[PDB]
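Quick setup: one chain, the form deposited in one PDB entry, written in structure tokens, and binding and motion questions come after.
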């Protein structure tokens, strides 16, 4: 039943390097809108990252004429993809096709109950906020999004969406906020993790990535050290505090920092589940080596570093760790560990994760190698000022 409704060359604006790139886009009746560097001769499981389901289409003349924007709410994050064609007629042909398929797929808690503590981050369509529920004393991160531009599922290593409510102009997502401290703060304080400790953190991330891939059919895409926290027990919590942010202008405009970006994501080429395995490679590389894989100031260099410079490893690192990182950090997704049809299983069966019972990881049977210094989830120790040191 999966068929191509409309295809052709578009000009997609880079998602991280905001330049225009010619990409051949395939629109399918399942709602997938994928772009490729070259016309593909041709995983098969549809990724919701490219889905046009429940998306509003906007025709703009800024920043470039004949521009149409696809805006989608994915879980709790508003994403935008900006496209450009040569003639207005072409743009109408595309928007009508997309809107048709988007419709073809269509087949009391308030703000006063929380206390504002800290601004975690701000973006184009809203802000993220650290709150403390007055009643329970629990700590949460609240995503306040603009309503204009716009619970049943759970996993032990993902920041759970506790509840969602909306005001007259704002949509709010209340998520669990772990109080075991930022993982980069722990890695910064202890310099390097032992292979055993990194295996623990690594194993829990793999489980959550498998969940997002096989169950939710989604790519996390932003796996980095900054997006990892520990709970009071020292178990990993991958966060969901991301926001759409406009780029910043050496004279070029970039969206975020590239050091963790998979090569196929930098080039705005086709990407899949293999992206998170790169992300896992970067994270695990830093835990066991105490530094980022590629590092250079000039972004022109940093891009090349990720794109062409191949990773080298410390001699004090075990061969089992080498094999894992080497495969995880293959520049080509199809050669990358976990980039096959087996996905996560390709990694769970790796020598580095030998002896690890993967049902035990999911059920948190594994005893954490590190226990945060908190009495309870309400212990505000890792929010305090000595968090500086």
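Numbering follows the first chain given and starts at 1. Here, rigid core means the biggest group of C-alpha atoms that superpose within 1.5 Å across both forms.
There is another form of the same protein, the form deposited in another entry; it is not shown, and what comes next is about it.
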Margin query: Can you tell me which of these residues, 194, 257, 214, 296, is the one whose C-alpha shifts by at least 2 angstroms between the shown form and the other one after a rigid core fit?
Written below: 257
Notebook entry, point to check: Core aligned, does the CA of residue 17 move at least 2 Å between the shown form and the other one?
Noted result: yes
Checklist line | Cα displacement of residue 244 between the shown form and the other one reaching 2 Å, rigid core superposed | finding: yes
Margin query: Distance change of 3 Å or more between the C-alpha atoms of residue 16 and residue 161 in the other form: closer or farther compared with this structure?
Written below: farther
